[PDB]
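Descriptive structure summary
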Amino acid sequence: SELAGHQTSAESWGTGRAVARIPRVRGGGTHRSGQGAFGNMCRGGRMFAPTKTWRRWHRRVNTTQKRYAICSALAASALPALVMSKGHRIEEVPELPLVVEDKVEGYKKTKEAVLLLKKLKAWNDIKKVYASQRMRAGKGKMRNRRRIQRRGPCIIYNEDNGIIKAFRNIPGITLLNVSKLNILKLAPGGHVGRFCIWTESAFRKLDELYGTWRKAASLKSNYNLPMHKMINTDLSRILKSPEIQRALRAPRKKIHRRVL
Amino acid sequence: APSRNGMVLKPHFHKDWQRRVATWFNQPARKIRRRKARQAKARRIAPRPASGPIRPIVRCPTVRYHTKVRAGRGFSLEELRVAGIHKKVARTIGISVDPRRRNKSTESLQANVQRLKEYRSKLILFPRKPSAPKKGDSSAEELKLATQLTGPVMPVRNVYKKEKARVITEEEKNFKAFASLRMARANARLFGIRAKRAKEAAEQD
Amino acid sequence: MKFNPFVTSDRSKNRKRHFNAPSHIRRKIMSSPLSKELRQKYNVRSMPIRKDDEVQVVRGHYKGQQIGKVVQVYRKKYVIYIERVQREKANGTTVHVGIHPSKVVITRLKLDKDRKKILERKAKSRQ
RNA sequence: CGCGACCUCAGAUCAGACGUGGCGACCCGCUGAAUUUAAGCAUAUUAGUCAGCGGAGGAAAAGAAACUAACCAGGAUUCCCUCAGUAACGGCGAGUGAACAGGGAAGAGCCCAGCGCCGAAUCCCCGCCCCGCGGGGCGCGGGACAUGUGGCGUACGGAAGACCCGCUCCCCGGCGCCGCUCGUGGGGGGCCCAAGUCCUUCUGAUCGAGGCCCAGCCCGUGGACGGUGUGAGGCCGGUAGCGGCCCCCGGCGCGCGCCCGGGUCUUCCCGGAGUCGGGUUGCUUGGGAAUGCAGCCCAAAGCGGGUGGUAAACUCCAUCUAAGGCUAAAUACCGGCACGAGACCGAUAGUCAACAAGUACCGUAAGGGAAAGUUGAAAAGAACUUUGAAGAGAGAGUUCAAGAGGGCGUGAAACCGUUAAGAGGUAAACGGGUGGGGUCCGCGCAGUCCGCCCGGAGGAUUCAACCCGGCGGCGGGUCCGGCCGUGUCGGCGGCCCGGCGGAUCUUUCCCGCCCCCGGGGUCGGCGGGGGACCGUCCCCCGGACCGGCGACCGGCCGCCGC
RNA sequence: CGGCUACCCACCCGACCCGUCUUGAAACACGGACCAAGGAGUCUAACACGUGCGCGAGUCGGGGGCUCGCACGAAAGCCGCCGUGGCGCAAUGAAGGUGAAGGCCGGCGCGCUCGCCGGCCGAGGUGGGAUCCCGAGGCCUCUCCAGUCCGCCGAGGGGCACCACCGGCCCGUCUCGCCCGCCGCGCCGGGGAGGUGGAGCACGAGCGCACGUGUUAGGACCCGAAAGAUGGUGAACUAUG
RNA sequence: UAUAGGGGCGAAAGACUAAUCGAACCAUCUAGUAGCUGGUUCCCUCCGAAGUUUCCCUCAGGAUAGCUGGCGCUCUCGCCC
RNA sequence: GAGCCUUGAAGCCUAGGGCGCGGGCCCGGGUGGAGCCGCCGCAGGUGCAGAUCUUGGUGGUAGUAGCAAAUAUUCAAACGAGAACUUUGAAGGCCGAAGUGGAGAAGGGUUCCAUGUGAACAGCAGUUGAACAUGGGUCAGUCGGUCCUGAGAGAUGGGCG
RNA sequence: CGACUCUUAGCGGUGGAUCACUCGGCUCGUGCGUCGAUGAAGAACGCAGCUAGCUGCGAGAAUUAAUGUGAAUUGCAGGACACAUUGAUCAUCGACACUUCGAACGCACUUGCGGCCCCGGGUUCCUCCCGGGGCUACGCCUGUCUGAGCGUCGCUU
Ligand SMILES: [Mg+2]
Ligand SMILES: [Mg+2]
Ligand SMILES: [Mg+2]
Ligand SMILES: [Mg+2]
Ligand SMILES: [Mg+2]
Ligand SMILES: [Mg+2]
Ligand SMILES: [Mg+2]
Ligand SMILES: [Mg+2]
Ligand SMILES: [Mg+2]
Ligand SMILES: [Mg+2]
Ligand SMILES: [Mg+2]
Ligand SMILES: [Mg+2]
Ligand SMILES: [Mg+2]
Ligand SMILES: [Mg+2]
Ligand SMILES: [Mg+2]
Ligand SMILES: [Mg+2]
Ligand SMILES: [Mg+2]
Ligand SMILES: [Mg+2]
Ligand SMILES: [Mg+2]
Ligand SMILES: [Mg+2]
Ligand SMILES: [Mg+2]
Ligand SMILES: [Mg+2]
Ligand SMILES: [Mg+2]
Ligand SMILES: [Mg+2]
Ligand SMILES: [Mg+2]
Ligand SMILES: [Mg+2]
Ligand SMILES: [Mg+2]
Ligand SMILES: [Mg+2]
Ligand SMILES: [Mg+2]
Ligand SMILES: [Mg+2]
Ligand SMILES: [Mg+2]
Ligand SMILES: [Mg+2]
Ligand SMILES: [Mg+2]
Ligand SMILES: [Mg+2]
Ligand SMILES: [Mg+2]
Ligand SMILES: [Mg+2]
Ligand SMILES: [Mg+2]
Ligand SMILES: [Mg+2]
Ligand SMILES: [Mg+2]
Ligand SMILES: [Mg+2]
Ligand SMILES: [Mg+2]
Ligand SMILES: [Mg+2]
Ligand SMILES: [Mg+2]
Ligand SMILES: [Mg+2]
Ligand SMILES: [Mg+2]
Ligand SMILES: [Mg+2]
Ligand SMILES: [Mg+2]
Ligand SMILES: [Mg+2]
Ligand SMILES: [Mg+2]
Ligand SMILES: [Mg+2]
Ligand SMILES: [Mg+2]
Ligand SMILES: [Mg+2]
Ligand SMILES: [Mg+2]
Ligand SMILES: [Mg+2]
Ligand SMILES: [Mg+2]
Ligand SMILES: [Mg+2]
Ligand SMILES: [Mg+2]
Ligand SMILES: [Mg+2]
Ligand SMILES: [Mg+2]
Ligand SMILES: [Mg+2]
Ligand SMILES: [Mg+2]
Ligand SMILES: [Mg+2]
Ligand SMILES: [Mg+2]
Ligand SMILES: [Mg+2]
Ligand SMILES: [Mg+2]
Ligand SMILES: [Mg+2]
Ligand SMILES: [Mg+2]
Ligand SMILES: [Mg+2]
Ligand SMILES: [Mg+2]
Ligand SMILES: [Mg+2]
Ligand SMILES: [Mg+2]
Ligand SMILES: [Mg+2]
Ligand SMILES: [Mg+2]
Ligand SMILES: [Mg+2]
Ligand SMILES: [Mg+2]
Ligand SMILES: [Mg+2]
Ligand SMILES: [Mg+2]
Ligand SMILES: [Mg+2]
Ligand SMILES: [Mg+2]
Ligand SMILES: [Mg+2]
Ligand SMILES: [Mg+2]
Ligand SMILES: [Mg+2]
Ligand SMILES: [Mg+2]
Ligand SMILES: [Mg+2]
């Protein structure tokens, strides 16, 4: 608001002239003179708590939690059930995370890009984005956002050599870099497991950029991969292991209901 | 107004702070402005390096930061005279000159003098007319570069005096006890009063 | 995707410039495509329409095979009026129907030295 | 008596030139409350702010120390993070509250009065000639300013003058043109890709499935708008170190005008006054035995003066050199000129104002100050007949629709008219329980249940039962035959044909240096480089474990379709 | 034919009109004619506690810098010889300042309400204390023998966390006595035994982000005054020349 | 025509000063403050009070204790004691 | 969500069917014509019965009070669709020269005059008007301002700030 | 039997709530730095063929000239339709113009009253003669001109 409905000079009547105790604009002739002045319950007045510009908008996150979220999103992008449950069409798609040759990053046109997506069967995921490019619901159409266009695959690379030109206007695609991994691009909407397409140099630089549990990251300064909470975490295998079932009481499956 | 066991609070909000709220919404704006300022300087001004003049090795005045070191302001005219060049000739060569900085230590004097010798060795200058005073040919293919970053010499140089391998020695280990500090403290607190009593002992015959 | 920081995707600003564009902009607004044989013969995609162009209406209440000549161009209403396209009032007086020039296929242009210069610039810029 | 010169002066519609006033978001100078808090109110806080007055620029102010510090010292001003809600101030209550460090953006330093030396070598004006595009200067001839002091040389970081040394050959202001540059310098005009194909709904299509085994077509262009609806291709827009022209600014290269610094030695010079400071009194500050500013009085020194945070005396030491001046940068901007975006509002909201809004209107005036958006795709805004004087109807007509007819999208509630149904002396209305009536729903109302197995009744089909032929899958043995995982050695192998880290080494390795006697002394001390050793990955074979989400082949039983 | 139901009517019983101030409202207490829209615990800073996450004796880049000119990019990524800095790892004192390990064994000075030398252990003890360990014993259809097998346990032991108590250590004061060392033998420093004050030590648990509650200051849940100050406009009414 | 706000003017009533005068009007500080009135917006479930101690220029208020809720933690029975 | 739809979204109405205990919801039927929703997270200017609540609209009151200060109207004709009111004739009255008359100053600004309309206005009505639309109208040496000073207001010199 | 009243449903009338749209606001950020004595900001008055407001302009008055683009403005009659002539509209605008008040400037402002110089006519000339053009505010700086001083001095009666 920043300059509210307090532009109208006003006073209260009091006891006599017994409309109310609200301030009233003072004058004559104009039929506004005598109406409700500034205050939250009046016409043309002032809003309750005028939302100032010094609200705490931006929120700092720990960098270890940022890198933890990047590692969690990239790990969840590898399991096929997670990305199929996010909704990408991975029926005819070959082996998980896809590693293409280094001739892909030197594309110049987009016909080769579309042909590559058709040959690697990501064109079904692009066709889903073609099928869903409808109009925005609600009053959000006024502020220049009229397209519900769902996210498709994300191609992650290094050494930009025309791959942004090849993948710049495909609907639903995401331009994304190895050295600058975005959480907002790797997991849009906070839902993990987005379909990603890597490259040879990308898929080799990931280990250089984060490491293993044996060595540190050689590109970052003081980062290690986080220690896993459960080493071998197949709960059904653990509960059907002989060591656990050697030390159980008995399966007690009687009910013993109410006796009248 | 107060409550259960909590800290006594005195906020400084009685003054009309709502008018003067300077919130950094233009902080990426200033960042992009200052990036373009530095890049426009490095493009248009010269093939001089960014952060142009060379800064001295300087110790910080405290009992707190004097173990550390700092890039100072200028080269302390006695130091520049020992290096042997004129003042504004040094300023145009690229030497930062501060006429206020004195010289107490011959150690820091010779440190800045050797730093000047290193900078004059690393200097490659280009005069206007191609008669070549104080240069030669295209040395190192015009030096292979024309821009340095974050100081010319990285002027920190945190010295590592190690002095590791030595054997524990004779009666200094039985001589350097705690009582030396208390004796020095008592001597510093009672220096002048003993001199007054000695003067009175010489006076009263 | 829009990459210039000096042009709007803004709906209010685009509609404001569109409905308050001056006449030299409204001529570029009221541009019409060409027939396939004339674009094959001239190597140009579209032209601004003028007073004496021949028009085949492609869409609306009248569709195709009605190659007539325009008579008036209201640039204030973004409306050309075509001689063949008629509609009677209540009182039996005919009046021309509003046709937007983007739903108009030009079959023949009007020859002029200025239009030859425009056609040469179109062909050279299409290259 | 008169004439002349200087000095104080006055006049003009004298020749030429300059200030007024406006905006005022940012900045500078003065001034200045009170509501409020202290649960009361005087000190205090609100506040060195609101209001008032005076000034200018795109920035202003400040700015080259009469500084900070007190130790291994730094070193113009501004701005941010810290210092820090700390030192300190305060009816020591409420509350108020910096700074030096240190890390960052920026980096630029300088000039004058005095001291003397130069024959005032200086500057303004008038007139003619050398001359230039769009306009103004180097010379020529005389009227002034200035010796009560112009200009050069000079500035506290020392300077100047005369010998000796060995060198430098310099600059900045015109004028035509060349290829340019990091967005491929500034802005302005005009132009640049690809279905409008076939079928069908629709008033209208931008809707609906498809366009050959190369995915109909363009894409460095799938942002957005208008178009009769929901568009990448139908249209200006969008991408592009895409392209052509016109206009403007910069830095190369022909003439006119200026052109002596460094080191040694000798001599000489060396500084801002009613100012600092002291007393006193007001305001202000965190500044307290008084931080800053100001009034009155007293009012200097030259081994001086100020600062050194508790007043005063003596003494030592550190640092600076005031009472003269200029200066871009980072910084601020709710006014203005264009510009872009929005987890914002959507006509009682958002600016008072989406509209002939500071408008209508009110008050003498200072001033106060609104309500008010939407027909349709296109007016195609209803021709014509008829009743009435007209307002208004009845027909007819346009449109997909007047169930859109000129404040006309949608059209609720309160309220009212009529129709249909029901009831009526305890004002109306309500909760529990039924009964009656009415609208409406599901169903066929003596005729409505399904799914499996088996024994009978009639017709038609081909597997299954068993085997041969075949691909695909599960399962495990020899883990045959190979990959990969875990500790462990070894080849110390890529240690010189390797990565990372170590205030663990090597003065018998090297270089730039210091010390002692051009050479010698590890004799000792600093820095850099080579390697020496420690803690994880890169190949190998060999064993041990796991053959486990790591997977192939050979074979086996048990699945399976054709 | 069936049908509860926001349709209507009748009948029996019960049933004063809501909201708040109040001990007490249907009140002869106040507000409400009716209807539609708007309308009241927000935001910032600070603190405390709890919860959730990351790292963990460390933690955090919020301040800048680096990436090619990209719509989302005012995002995100990185700095490490950017950790300066904030908080914590150290407290106690007004301050000068000082500043948290003790115990055992053997030898000796008169083991003397007393100091020295060598070696060892190491954050002390008591009573409770989840859990954990050893295990008497007996228990599996008809003969001795065995291994896991069905199957617990008397009694004992080490004792997490935390509670109570005792003891020890540090800092400032208080009382009493003796000793040691000299970059120089002094109104020099240090030490000992008890009694107290501390927000301490006695193997450290913090940092950052987010969410919830509460408090404080800001207009602070909304509306409300009699009042005060600053700057301007009126003698066209009236009062007086 | 002159006197303009703590001012004017008053044969004096504190009367008049533009329907307002025991201090005019307009705008700003200002959304002044209030321990004092009125109001405070969806459902269900579970628990559920006090008008009392002490202190205050305290008596219509607040602080503290008490009453209450929420979040847990440490344990114990679950096989003649 | 390969979500819904111009073969009809939001919105609204509903003696329809139903669910939940409720916050509310789903479907049927009718207008409507272009946008809307389910799930997981996210963020609020997020829920109304009151505040002598603000804005806007509408009832009972109610076809009620009221259209009563100043003596008063009546007949005929005309224009007109239409006359208690307009115009004319005639009669009867009032104001009665300190006027219900003829003209000015201040103030109003076209209200003055002619023609036409009667939906607005005149508190009933009009064929009428100071309403509306169209078109006209104010002529100065000798009327006044202009000139002069009156109480007073005011700038330079000057002083103060 | 009807009237009145009550409760629903349909239709109709007041009403403009909800929903949908937005040439409008609000917030944030970037770029530039611009008023006037050569008449600013502001105000008055006037200007269109039919023209009240807003917008645009200043007696050249809904714009003039020039450049760019290229066949219109439009509600209606008109008019240049010419383009192998100069060419309608629109944008830019760098050239011309810009009434009066206003810092406002000849005095005060009652559109009042002057005063100089020059040019055209009216008695071919001023002598308080009509029209037109230029000038006429305060403060101040530099220089020129004029002159006041028993302020100081030289020479001279
Ligand atoms: Mg305000
Ligand atoms: Mg206000
Ligand atoms: Mg508002
Ligand atoms: Mg909605
Ligand atoms: Mg409380
Ligand atoms: Mg305040
Ligand atoms: Mg906008
Ligand atoms: Mg001014
Ligand atoms: Mg109070
Ligand atoms: Mg008081
Ligand atoms: Mg103060
Ligand atoms: Mg002010
Ligand atoms: Mg300016
Ligand atoms: Mg100086
Ligand atoms: Mg702190
Ligand atoms: Mg306090
Ligand atoms: Mg203060
Ligand atoms: Mg589109
Ligand atoms: Mg569209
Ligand atoms: Mg196109
Ligand atoms: Mg002195
Ligand atoms: Mg001194
Ligand atoms: Mg001292
Ligand atoms: Mg002192
Ligand atoms: Mg100075
Ligand atoms: Mg100065
Ligand atoms: Mg600046
Ligand atoms: Mg609305
Ligand atoms: Mg509004
Ligand atoms: Mg339309
Ligand atoms: Mg008729
Ligand atoms: Mg319809
Ligand atoms: Mg309507
Ligand atoms: Mg409709
Ligand atoms: Mg519509
Ligand atoms: Mg209705
Ligand atoms: Mg009835
Ligand atoms: Mg009660
Ligand atoms: Mg009572
Ligand atoms: Mg009541
Ligand atoms: Mg009432
Ligand atoms: Mg509401
Ligand atoms: Mg916590
Ligand atoms: Mg540190
Ligand atoms: Mg108030
Ligand atoms: Mg007071
Ligand atoms: Mg005043
Ligand atoms: Mg009077
Ligand atoms: Mg009187
Ligand atoms: Mg007062
Ligand atoms: Mg009165
Ligand atoms: Mg009073
Ligand atoms: Mg007062
Ligand atoms: Mg309030
Ligand atoms: Mg209970
Ligand atoms: Mg008491
Ligand atoms: Mg009490
Ligand atoms: Mg009460
Ligand atoms: Mg309590
Ligand atoms: Mg409890
Ligand atoms: Mg829903
Ligand atoms: Mg609200
Ligand atoms: Mg919102
Ligand atoms: Mg309501
Ligand atoms: Mg309520
Ligand atoms: Mg009310
Ligand atoms: Mg009424
Ligand atoms: Mg009656
Ligand atoms: Mg009556
Ligand atoms: Mg008759
Ligand atoms: Mg008649
Ligand atoms: Mg009579
Ligand atoms: Mg009379
Ligand atoms: Mg008439
Ligand atoms: Mg009437
Ligand atoms: Mg008349
Ligand atoms: Mg009229
Ligand atoms: Mg006459
Ligand atoms: Mg006269
Ligand atoms: Mg005066
Ligand atoms: Mg004066
Ligand atoms: Mg309205
Ligand atoms: Mg023209
Ligand atoms: Mg004249």
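Residues numbered from 1 in each chain as written, not as in the entry; some residues may be left out. Chains lettered and ligands numbered in written order. Part of a larger assembly, values for the part shown. Heavy atoms only, no water.

The deposited coordinates derive from cryo-EM, with the record listing a resolution of 3.6 Å.

Re the protein's contact with RNA strand G
Residues and elements named next belong to chain A. As a structural note, the neighbourhood of RNA strand G is formed by 28 residues, with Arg89, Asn124, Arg134, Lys141 and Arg150 the closest of them. A distance of 3.0 Å is found between a phosphate oxygen of RNA strand G and a side-chain nitrogen or oxygen belonging to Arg55. Within the side chain of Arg134, one N or O atom sits 2.4 Å away from a base oxygen of RNA strand G. Secondary structure elements with two or more residues in the surface near RNA strand G: helix 4 (123-131) and strand 4 (133-135). (Near = heavy atom within 4 Å. Polar contact = N/O pair within 3.5 Å; in protein donor to acceptor, adjacent residues only side chain to side chain. Helix = DSSP H or I, 4+ residues; strand = E, 2+ residues; numbered from the N terminus.)

Some words on the nonpolar core
Judged by nonpolar contacts, the single largest core of 21 residues is most densely connected at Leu117(A), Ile163(A), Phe167(A), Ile170(A), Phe195(A) and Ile197(A). Put simply, the parts of the chain that give this core at least two residues each are strand 3 (98-100), helix 3 (111-119), strand 6 (154-157) and helix 5 (163-166) of chain A. Looking at this core, the element that brings in the most residues is helix 3 of chain A, giving three residues. For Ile163(A), the residues in contact, after removing those within four places along its chain, are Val104(A), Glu105(A), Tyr107(A) and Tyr157(A). Formed by 20 residues, the second largest nonpolar core is a distinct cluster that contains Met30(C), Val57(C), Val97(C) and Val104(C). (Core = buried A, V, L, I, M, F, W, Y, C linked by side-chain atoms within 4.5 Å. Buried < 20%, exposed > 50% of the residue type's maximum accessible area, 1.4 Å probe, protein only. Contact = heavy atoms within 4.5 Å.)

Side note on the packing of aromatic side chains
Any two aromatic rings considered together are summarised by their centre-to-centre distance and by the angle between their planes. As enumerated under the stated definition, the model contains five aromatic pairs over all chains in all. Centre to centre, the rings of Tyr74(C) and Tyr81(C) are 5.1 Å apart; their planes meet at 85°, and the pair counts as edge-to-face. Site record: aromatic cluster; members linked through ring pairs are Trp54(A), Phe13(B) and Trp17(B). Above the plane of the ring of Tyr223(A) lies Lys220(A), whose end atom (NZ or CZ) is 5.5 Å from the centre. When the ring centre of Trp24(B) is taken as origin, the NZ or CZ atom of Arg30(B), which lies over that ring, is 3.8 Å away. (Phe/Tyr/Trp six-rings, centres within 6.5 Å; stacked < 30°, edge-to-face > 60°. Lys NZ or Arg CZ within 6 Å of the ring centre and 35° of its normal.)

Quick look at the protein's contact with RNA strand H
Neighbouring RNA strand H are 29 residues; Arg33(B), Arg11(C), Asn20(C), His24(C) and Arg27(C) lie closest to it. Here, RNA strand H places atoms within 4 Å of the protein, and 86% of those atoms are sugar or phosphate. Between RNA strand H and the protein, one listed contact pairs a phosphate oxygen with a side-chain N or O atom of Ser12(C) at 3.4 Å. At 3.0 Å, a side-chain N or O of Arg115(C) approaches a phosphate oxygen of RNA strand H. Only helix 1 (27-44) of chain B together with helix 1 (11-19), helix 2 (23-29), strand 4 (68-74) and helix 4 (113-126) of chain C provide two or more residues apiece to the surface near RNA strand H. Top element by residues in the surface near RNA strand H is helix 1 of chain C. It accounts for five residues. Here the residues of the surface near RNA strand H sort into eight nonpolar, six polar and 15 charged. (Nonpolar A, V, L, I, M, F, W, Y, C, P; charged D, E, K, R; others polar.)

Here's the deal with a positive patch on the surface
There is a patch of like positive charges on the surface, built from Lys31(B), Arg34(B), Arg35(B) and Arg38(B). If you trace the backbone, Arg38(B) turns up in helix 1. (Patch = residues over 30% accessible without salt bridge, like charges linked within 9 Å, V, L, I, M, F, W, Y side chains within 5 Å. Areas by Shrake-Rupley, 256 points an atom, 1.4 Å probe, with all protein chains shown as cover. Salt bridge = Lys/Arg side-chain N within 4 Å of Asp/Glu carboxyl O. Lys, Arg positive; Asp, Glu negative; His and termini not counted. Charge placed at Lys NZ, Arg CZ, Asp CG, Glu CD.)

Some remarks on the sheet that holds strand 4 of chain C
Residue and element names in this part refer to chain C. Ordered by their spatial adjacency, four strands build an open sheet running 5-4-3-8, and the pairing between neighbours is antiparallel. Each edge of the open sheet carries a strand with a single partner, namely strand 5 (79-82) and strand 8 (104-108). Ignoring which end each strand starts from, the neighbouring axes of this sheet average 55° apart. In terms of strand pairing, strand 4 meets strand 5 through four bridges, oriented antiparallel. Across the sheet, the residue bridging to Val73 is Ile80, located in strand 5. (Pairing = 2+ DSSP bridges. Axes fitted to C-alpha atoms, helices over the stretch in contact; angles between N-to-C directions.)

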